[PDB]
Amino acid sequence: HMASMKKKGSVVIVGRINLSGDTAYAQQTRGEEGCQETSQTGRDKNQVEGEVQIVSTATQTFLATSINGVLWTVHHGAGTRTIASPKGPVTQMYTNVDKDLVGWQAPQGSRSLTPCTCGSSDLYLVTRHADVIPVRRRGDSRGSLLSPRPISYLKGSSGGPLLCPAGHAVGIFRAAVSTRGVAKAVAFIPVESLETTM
């Protein structure tokens, strides 16, 4: 009945993929109990750093990537949810189910990637375990893994970036193309589609 209707929680930043140095590594900044509480309140006072965040809801964990001052992720992870922030829940500024794309204003302290203008097809996918996987671009929204991986390896990395050699954002990881559970290719949201959305 109306009085007892629940609301979905916020997406919560729970860590980040550190790409600053010469070693890439995943860092957790909030544990599960704190994530649960922050999802309910929508109030997150933790400091945010870096370009790739690890994000969670009550039921899923995935990635989100800052590009041109917007924190982007996949709709199949975030739905229409708010994101937790120091001042309470923040509403999505972009929602596009047709593109499997959402975005919120980038949190204070994040750093943004620049959209790629290189026209280059040698790419790199960053996973939630901070693996940096070479990917050859094969079309507007597809690329092949140079070394195939079981899909287990890629699960939870949607919302992460594909980058060019120079570290520009080329796209947002959306889906794995798998045969018999082995991913030989990935599908991504091209950065130009984000740029049009903006």
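From 1 onward, residues are counted along the sequence shown.
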Avg C-alpha B-factor, entry values, 39 to 47 vs 129 to 137, higher side is 39 to 47
Mean B factor on CA atoms, stretches 22 to 30 and 164 to 172, record says higher is 22 to 30
Based on the PDB entry, the highest CA temperature factor among the options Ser144, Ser152, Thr65, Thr57 is that of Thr57
Binned into thirds over the chain's modelled residues, the C-alpha B-factor of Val74 lands in the lowest
Sorting the chain's modelled residues by C-alpha B-factor and splitting them into thirds places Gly109 in the highest
So, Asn96's CA B-factor, relative to its chain, sits in which third? The middle
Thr117: CA B-factor among chain residues, third -> highest
Chain-relative C-alpha B factor for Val90 (record values, thirds): the highest
